[PDB]
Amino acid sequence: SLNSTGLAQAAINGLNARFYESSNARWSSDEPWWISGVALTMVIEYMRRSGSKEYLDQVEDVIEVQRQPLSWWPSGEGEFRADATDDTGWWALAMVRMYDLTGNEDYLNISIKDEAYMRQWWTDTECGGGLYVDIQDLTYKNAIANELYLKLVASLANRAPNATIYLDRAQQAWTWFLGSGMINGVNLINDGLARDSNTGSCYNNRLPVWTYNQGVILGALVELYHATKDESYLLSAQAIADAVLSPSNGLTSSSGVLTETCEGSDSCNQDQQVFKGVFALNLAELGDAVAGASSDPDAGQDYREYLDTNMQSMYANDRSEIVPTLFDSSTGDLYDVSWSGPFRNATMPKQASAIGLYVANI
């Protein structure tokens, strides 16, 4: 009796009432800019899955202003080309979804500019491949920038005119990622690569297993499946998702709820607060691809039940409503970080993550 389209809309209204800045065409300028890109993704995906165009004018406004040359990275020349490859990647994938929503080639073109910009920091000369996250310094090849890159080139292999260079890049990037060692012995992805002092060989740095690094990779593999019709991409994706769902690996509580490793210590910072909903949206993409590739009705049923289980927990334990007034009639729902633990306060990243979970259930 829970309607995920209605709750997604109420969560987007809450996001807007507390965090949207009209004069800036952005949410929460006091929060990292890439998380406005994630938020835009969630709003776009709500519209795609539900069929609403309620927020289209707002999204267009955000795109128009945020595509301008960034005051902190003018040499990027706008179009979301930023001072880190992952920041660019979040907006690039938002533009892929906006293209999917509208069919407007402008958004696809932006994604193509973003891919060419990110590729500049791919090297074969360290780690046999992959790109750096930190453009100014070039010290870290990490999971998230390389997952976003992979999902972007794979997305373009299905949509762009010069589709075969993107397919070759996606297949080579997946080959590199699989061979990097970041996917560990329980099929989960650690934070990134360290580099050996004497030898230049790279290895899994054993930094934490973050939920969004188990999620963006699933979307990439789903796009590789669509570009190739090779289910072995779905089989790898399902292995990573199945590891997340397994309570033995500690991302899934004994209540069956998705749980960031920092929640226990109450230490989730502004980045980590958004991670879970990015995983959920990507898990929904995997579940749709698996159910479509198979005649069995129970196909992808575990992923769908998982998202449902998480949705009901967040709805019941992690929710607070804006108090309407005589003057401001704004309504919506607000959310904290723990999809099981109690609501203490809302932040823009926490809210974006919550919207992601509802949209994953539409």
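Numbering starts at 1 and runs along the sequence shown. C-alpha atoms forming the largest set that superposes within 1.5 Å between two forms make up the rigid core.
Superposition on the core shows that, in 6 other deposited structures of this protein, the C-alpha atoms drift more in one of 324-332 and 310-318; this is 324-332. Look at the mean CA B-factor for 193-201 and for 173-181 in the entry; the higher one is 193-201. The question of which stretch, 71-79 or 145-153, has the higher mean Cα B factor is settled in favour of 71-79. Sorting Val257, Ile112, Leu281, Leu218 by the CA temperature factor given in the entry leaves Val257 at the top. When the C-alpha B-factors of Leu207, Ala291, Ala92, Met118 are read from the PDB record, the largest value belongs to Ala291. In the PDB entry, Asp87 places in the lowest third of its chain by CA B-factor. Placement of the Cα temperature factor of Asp124 within the chain: middle third of the modelled residues, per the deposited record.
Split the chain's modelled residues into thirds by C-alpha temperature factor. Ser320 is in the highest one.
Among the modelled residues of the chain, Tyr335 sits in the highest third by CA temperature factor in this PDB entry. In the PDB entry, a CA B factor belonging to the middle third of its chain's modelled residues is recorded for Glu285.
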